[PDB]
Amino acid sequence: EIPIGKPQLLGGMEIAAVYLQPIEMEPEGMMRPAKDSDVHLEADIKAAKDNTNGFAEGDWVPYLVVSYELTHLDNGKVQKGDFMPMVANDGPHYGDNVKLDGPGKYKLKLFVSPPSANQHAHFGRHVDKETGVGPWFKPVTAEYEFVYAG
């Protein structure tokens, strides 16, 4: 794995980015095939100390809505995608197999939003006095930059 940029403290969480070789995933048809990709991009999102959404320090934060924008700074080529939650041998991540635009410098923007809290919600929030937690974090954007060699 090659770390990207620096881990950033945002929304009560530590948000880091990494990339490695393209991976293979079940269900297969829900990610770009490894054969057609250059890297697997991963967002590492863990709860920071004193998290106000019920998570202890170091916990993976599940059910987030995570997207990305990748720019080849050399020529300005922009590409956008979504991350999918998935589990690997080192635990759960948000990831996507990505085809890049050759070597050069890249800017990575991560759009991290909280779980849906309307009629489409997957993930709930206790709000009683004894066991309730604070409101979902406001959506954040984390910026990175790296040089791709391969």
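Just count from 1 along the sequence shown to find any residue number.
When the C-alpha B-factors of 118 to 126 and 58 to 66 are averaged, 118 to 126 comes out higher. For the pair 91 to 99 and 31 to 39, the record assigns the higher mean C-alpha temperature factor to 31 to 39. For the set 25, 16, 133, 10, the PDB entry assigns the largest Cα B-factor to 10. Sort the modelled residues of the chain by CA B factor and residue 142 lands in the highest third.
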